[PDB]
Amino acid sequence: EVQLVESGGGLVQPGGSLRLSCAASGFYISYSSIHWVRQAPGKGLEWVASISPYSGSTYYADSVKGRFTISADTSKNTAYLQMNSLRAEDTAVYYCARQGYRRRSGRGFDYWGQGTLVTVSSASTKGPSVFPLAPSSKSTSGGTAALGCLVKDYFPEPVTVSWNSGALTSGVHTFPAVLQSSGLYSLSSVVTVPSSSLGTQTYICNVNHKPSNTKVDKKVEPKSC
Amino acid sequence: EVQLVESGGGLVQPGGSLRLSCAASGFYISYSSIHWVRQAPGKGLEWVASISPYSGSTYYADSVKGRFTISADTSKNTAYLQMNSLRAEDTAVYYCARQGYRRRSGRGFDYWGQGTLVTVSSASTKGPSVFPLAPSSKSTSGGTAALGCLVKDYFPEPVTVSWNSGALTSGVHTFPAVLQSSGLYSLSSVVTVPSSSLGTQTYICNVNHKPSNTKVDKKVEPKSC
Amino acid sequence: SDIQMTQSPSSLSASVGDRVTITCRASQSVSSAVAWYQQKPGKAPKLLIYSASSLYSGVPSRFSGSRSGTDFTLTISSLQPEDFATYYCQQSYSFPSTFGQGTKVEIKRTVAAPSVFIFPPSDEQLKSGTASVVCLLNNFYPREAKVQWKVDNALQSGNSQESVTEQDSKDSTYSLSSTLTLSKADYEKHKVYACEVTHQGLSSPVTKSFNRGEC
Amino acid sequence: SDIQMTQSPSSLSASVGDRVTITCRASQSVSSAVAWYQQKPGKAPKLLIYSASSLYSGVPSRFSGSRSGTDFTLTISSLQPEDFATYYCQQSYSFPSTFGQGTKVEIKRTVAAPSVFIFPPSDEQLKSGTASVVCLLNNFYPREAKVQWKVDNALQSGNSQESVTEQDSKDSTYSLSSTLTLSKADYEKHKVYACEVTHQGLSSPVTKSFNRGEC
RNA sequence: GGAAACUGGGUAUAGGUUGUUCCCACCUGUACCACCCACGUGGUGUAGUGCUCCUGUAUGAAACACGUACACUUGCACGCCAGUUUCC
RNA sequence: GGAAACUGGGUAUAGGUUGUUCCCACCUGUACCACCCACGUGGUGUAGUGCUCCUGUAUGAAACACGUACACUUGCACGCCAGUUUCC
């Protein structure tokens, strides 16, 4: 019922600008403080900015002052983060969070959006190629075999891997992406299955890389002859 | 807005019985636990009994086991405490208290009635006799004098003392009553006044003992022996 | 076995702007179902803290509570004149509920000697056949006083009672009345009726007295 | 100027039923305006405690927070496996708001051997002129493993990268991939590609291998 | 390679043993050795489904009770896998 | 009995007046010592009232701003207690 949805993130050249939006439902933003909080990949939460109800007062973290501008459109139930003069340091996931009701949860942030990734880089967007990680050539274990998809050479993050259009979930491991020396990311997704399920089950991994609108389905099988 | 009002209090013979009632306003009792808590003159709070919402479960202090019965009539928004086999030990002011809403104040009792006095005693209602504490013919202490009224041999509590129909308040002390071996209460009320006002001012104390509708006014003068 | 809440101290003296902390120990575990209440004389209790550390709505932020195991403390970070009262903890972890014995918070002040007044029985009461001798100690501090009656130099036991006022809101003093009660028959057997007052404001005990019939 | 929240330990491990306590010390006073949050990897944070010691609705009571001066502790009295997360304190007493660095908590559990699979480069990728050889280590504990690539028994250096899943919040196992990258030319100079895994669940190292071109 | 029927933790060992050549399976006993309970003279493929049973957690104006949601644990059935036997 | 005017923390001490009695209703200087401030070369009977001024507190969907309620501290006026002085 109450929720927040950030949008507007993406990949930007250094010195560029971007406008994040936070669309509220199940409540009215004018009766709450609204905060922006960011998280650089692999680091903690960093508070960025906030705007107060009834007066519009806004407060800014030290490291984004004069470049970021928080504001709120109470007639669209949306908050905004105008980010200008984007610098390399500003790569993070950006959350908007609602400060709860004073009487009910003090100053805690009681609902958070799922966040939108902002990537500052002069590097160029690139879609992945998907390669089969074929099940065991010698049928390694007479128990459960593994197979997977190698999702290689993409930028920026992120990329989603699913199996059988979501109908296979148990035993899936999608690994964290790894940055290769080439500047491109690469990950694989793997799953274990009964060895007898081969030939009697089709396994298709669905790779979706939204930063380049790449959708690839790869059917994965044991190799032939 | 929200309040509770106990009634039904009074004087009860030892071994007697009494039904206190607690009338709610500003909220409906069927959604709250209701508690009875009592306080003997000059002592702490003692939890007595409670009733649960939606289940009607009842709980009792061990010191009232088998003698008290808590209950609730939600079509009057009123709670009841049936007391049987009353002993002098059960003389106290009796409060009913609402356990507040779980999400808002945990298990705290968030509203309380003003409480109704219950007096268990085989003594009989009797208005006081009032005697003057005459300022010394020679020397009570010195400087400015003291005078007063001894409000002796009354039952039950309480008693109201005022001086010159309320127009003299500064320097007045009305002492807490003391229960005598006869079972009647006795208290004194005193005033300190300029020594020079004694020849020019008459001081009269107003005693009102409501349980017997007795009003006694007593003029206090220096003695002439 | 009922959970006992042991509260300490049972009284403390402090001045405005001071930080007081009242402790309260659960005999057995109560987790966090502890409340604190403020009560002033003649009035119902008021909820202050719930769930051991949560500030009840409408209550000033200078009140707080904390939990450490089975120890619960109420803290008033800066005493305001309206905070002199009695305070109670309460466990509601399981029935029967239990209250602490209470802690009375009083105004500290400079020592003030009692002023002793003695009052002979009135003619009207002597008509009734009973005689009451009243001794007054007025506007002193601290509360501790000891008053023993001597009637022709015999210390009296078990036939007089004391009563003490609440602390005065303006000057923070106590007053105390002591009443000695004899049958008029027994009264007429002695001549010198005395009230002897020892108080720490008095560098030696004060005696006020009178002679029966000579005023 | 800015209020600093210092959190310790920055990481910790304990097993189910243990009592974990995370501390966080605010440089200069924040009174009681501290919140604790649980963030599971890849997810938004969820509020746990507000006003330093109040339990947010819906949060299990095995979580609690306490304050003593400028020190704040989040306590989990009885660790459940789903409590693997990162936990952050936060002061909201004055702007700018401040977070602590976080405490990453992972579950201790009984040693579990990895099951090793090896995967040769696909024909499609070799079209492009590059070969990726993947070694999979599945569902093991503890986290430390060592994976060595041998190409005809020549221990390989500097041409592979690892990745490890987040700790399974259910059974607390890890999985790990090692990816070896060669030019198609360099790949085709050799036949025997082997992955050798040492882990303490293993009484001696496991090797999985294949021969290039052998089906 | 199809279709049926039977069986279900290892490990070791005495073994036994498609009645036939040691013995693959089958098949147990025994000692073990684990995992899991609600802890016995106990149970034993399993991240599917329904039901059942054991609790915990959260919440519904809600301390118990009652609802809902979520987890947890008994067991059963069906599915699935692993064999096995059988026939095509 | 009117009517009026004036004065106000102790404590010491030096004066003034007052009848004369050596202290008085007092009052001025000074020292000492308190209570109170917003803290000075400052202020001083006072649980009342109004205005004011200083902050704080609680609360309004509320960290600031804004509203409201409640307290607090100036200063003033009236009332009140304590006195004098005066006049009918």
Side-chain angles (χ1 to χ4, degrees), chain A residues 27-33 50-59 98-104 106-107 141-144 167-172 192-197 199-201, chain B residues 27-33 50-59 98-107 144 167-172 193-194 196-197, chain C residues 16 30-31 33 55-63 78 80-83 91-95 97 109-110 168-171, chain D residues 30-31 33 55-63 78 80-82 91-95 97 110 139 168 170-171:
Chain A
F27 80 99
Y28 297 115
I29 49 164
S30 49
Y31 308 113
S32 300
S33 292
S50 72
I51 182 169
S52 299
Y54 296 100
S55 84
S57 297
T58 57
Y59 305 80
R98 176 183 88 173
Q99 192 168 314
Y101 299 109
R102 197 183 84 179
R103 167 164 224 191
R104 307 202 151 131
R107 290 170 182 178
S141 72
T144 65
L168 156 59
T169 73
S170 85
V172 180
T192 46
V193 295
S195 188
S196 65
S197 65
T200 198
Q201 187 70 27
Chain B
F27 76 88
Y28 292 112
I29 52 165
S30 46
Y31 308 109
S32 299
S33 293
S50 74
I51 182 172
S52 294
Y54 304 107
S55 86
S57 297
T58 60
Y59 304 86
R98 176 184 84 170
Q99 187 166 309
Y101 297 108
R102 186 184 76 68
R103 290 198 62 145
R104 300 207 252 270
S105 59
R107 291 167 184 180
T144 59
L168 157 59
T169 74
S170 83
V172 180
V193 292
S196 65
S197 68
Chain C
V16 166
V30 304
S31 91
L55 194 51
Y56 178 58
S57 154
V59 172
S61 71
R62 66 181 180 276
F63 289 89
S78 176
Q80 296 311 112
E82 60 269 42
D83 299 321
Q91 71 80 23
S92 284
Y93 181 74
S94 54
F95 299 102
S97 204
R109 70 146 285 172
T110 72
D168 197 293
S169 53
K170 191 218 304 172
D171 66 4
Chain D
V30 306
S31 92
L55 193 55
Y56 179 62
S57 163
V59 175
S61 66
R62 67 182 181 274
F63 289 87
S78 173
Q80 293 310 329
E82 64 267 41
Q91 72 81 24
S92 287
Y93 179 71
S94 53
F95 301 105
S97 202
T110 71
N139 297 351
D168 199 297
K170 178 228 310 170
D171 71 4

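A, B, ... follow the sequence lines: proteins, then strands. Residue 1 opens every chain.
- Applying the 90° cutoff around 0 to the glycosidic angle, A47(F) is assigned syn.
- To the nearest whole angstrom, the two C1' atoms, one in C39(E) and one in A31(E), are 22 Å apart.
- Taking the 5.5 Å centre cut-off and the 30° plane limit, the aromatic side chain of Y93(C) is not classed as stacked on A63(E).
- Taking atom CZ on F63(C) and atom P on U57(F), their separation rounds to 13 Å, with Å as the unit.
- Distance from the side chain of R103(B) is smallest for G60(E) among the nucleotides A65(F), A65(E), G60(E).
- In this model, the phosphate group of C80(E) is not approached by any side-chain N or O of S196(A) to a distance below 4.0 Å at OP1 or OP2.
- For the strand neighbours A34(F) and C35(F), base stacking is present under the 5.5 Å centre-distance and 30-degree plane-angle rule.
- Inter-residue side-chain proximity for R104(B) and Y56(C) is flagged as unmet; no heavy-atom pair is nearer than 4.5 Å.
- The heavy-atom pair separating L55(D) from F63(D) by the smallest distance is CD1-O, 3.5 Å.
- In terms of modelled atom types and a separation under 3.5 Å, the side chain of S32(B) and the main chain of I29(B) share no donor-acceptor contact.
- Comparing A47(F), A47(E), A61(E) by their nearest atom to the side chain of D171(D) picks out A47(E).
- Side chains of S78(D) and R62(D): a donor-acceptor N/O pair is absent below 3.5 angstrom, by distance only.
- Donor-acceptor pairing under 3.5 Å, judged by distance alone, is absent between the side chain of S52(A) and the base of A63(F).
- Along RNA chain F, the nucleotide closest to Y56(C) and the one closest to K170(C) are compared, and the more 5′ of them pairs with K170(C).
- Without both centres closer than 5.5 angstrom and planes tilted by less than 30 degrees, the six-membered rings of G40(E) and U41(E) do not count as a stacked pair.
- The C1'-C2'-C3'-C4' torsion of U52(F) is positive. Its sugar is therefore classed as north.
- Taking 3.5 Å as the limit, the base of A71(E) and the side chain of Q80(D) contain no donor-acceptor pair of atoms between them.
- With a 5.5 Å centre cut-off and a 30° plane cut-off, the bases of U28(E) and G29(E) come out stacked.
- A close approach under 4.0 Å does occur between a side-chain nitrogen or oxygen of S61(C) and OP1 or OP2 of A58(F).
- In terms of modelled atom types and a separation under 3.5 Å, the side chain of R107(A) and the main chain of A33(D) share no donor-acceptor contact.
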Restricting both atoms to N or O, compile the protein contacts to nucleotides 84-88 of chain E shorter than 3.5 Å, with distance only.
none

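- The line from OG of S57(A) to OH of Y54(A) is 14.0 Å long, rounded to the nearest 0.5 Å.
- Side-chain atoms of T200(A) never come within 3.5 Å of backbone atoms of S197(A) as a donor-acceptor pair (strictly under, hydrogens ignored).
- In the set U59(F), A63(F), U59(E), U59(E) carries the atom at the smallest distance from any side-chain atom of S57(D).
- When each of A63(F), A63(E), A65(E) is scored by its nearest atom to the side-chain atoms of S33(B), the top-ranked nucleotide is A63(E).
- Of the P atoms belonging to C26(F) and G8(F), the separation is 13 Å, rounded to the nearest Å.
- In this structure, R102(B) reaches the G60(E) phosphate: one of its side-chain N or O atoms is under 4.0 Å from OP1 or OP2.
- In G16(E), the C1'-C2'-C3'-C4' torsion is positive, which places the sugar in the north family.
- Remark: the backbone N or O of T58(A) is not paired with any side-chain donor or acceptor of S52(A) at under 3.5 angstrom.
- Looking at the side chain of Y101(A), the nearest of the listed nucleotides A62(E), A62(F), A63(E) is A62(F).
- Relative to the side chain of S57(B), the nucleotides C64(F), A58(F), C64(E) differ in distance, and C64(E) lies closest.
- Nearest to the side chain of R62(D), among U57(E), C64(F), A63(F), sits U57(E).
- Remark: bases of strand neighbours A63(E) and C64(E) are unstacked by the 5.5 Å centre distance and 30° plane angle definition.
- A donor-acceptor contact under 3.5 Å is formed by the side chain of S55(A) with the base of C64(F).
- For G9(E), the ring torsion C1'-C2'-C3'-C4' comes out positive, which puts the sugar in the north group.
- The side chain of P60(D) sits closest to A58(E) out of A58(E), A62(E), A65(F).
- Spacing between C36(F) and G45(F) at atom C1', rounded to whole Å, works out to 15 Å.
- Residues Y59(A) and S50(A) are in side-chain contact: their nearest non-hydrogen atoms beyond the backbone lie under 4.5 Å apart.
- Considering only the side chain of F95(C), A63(E) comes nearest among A63(E), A65(F), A47(E).
- Checking side-chain atoms of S97(D) against main-chain N and O of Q91(D) turns up a donor-acceptor pair under 3.5 Å.
- Checked by atom type and distance alone, the side chain of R109(C) pairs as donor or acceptor with a backbone atom of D171(C) at under 3.5 Å.
- Between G58(C) and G100(A), the one whose closest nucleotide on RNA chain F sits nearer the 5' end is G58(C).
- For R107(B) and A63(E), the CZ to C1' distance is 4 Å, given to the nearest whole Å.
- Both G142(A) and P53(B) sit near RNA chain E, but only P53(B) has its closest nucleotide nearer the 5' end.
- The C1' atoms of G67(F) and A77(F) are separated by 31 Å, rounded to the nearest whole Å.
- Under the 5.5 Å centre and 30° plane thresholds, the six-membered base rings of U20(E) and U21(E) are judged to be stacked.
- For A82(E), the torsion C1'-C2'-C3'-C4' is above zero, which places the sugar in the north, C3'-endo range.
- Taking 90° from 0 as the syn/anti boundary, the base of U13(E) is oriented anti.
- Here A63(E) counts as south. Its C1'-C2'-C3'-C4' torsion is negative.
- Contacts of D168(C) with the nucleic acid, taken as non-hydrogen atoms under 4.0 Å apart, include base atoms.
- Side chain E82(D) to base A71(E): no donor-acceptor pair is found below 3.5 Å.
- Base orientation of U21(F): syn, since the glycosidic angle falls within 90° of 0.
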Notebook entry, point to check: Given pairs defined as Watson-Crick or G-U wobble with both distances under 3.5 Å, what dot-bracket annotation applies to RNA chain E, with ( ) intrastrand, [ ] crossing, | other strand and . unpaired?
Noted result: .(.(((.((((.((.(.........).)).)))((((..).)))((.((((...((((((.....))))))...))))))).))).).

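- With its glycosidic angle within 90° of 0, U41(F) is assigned syn.
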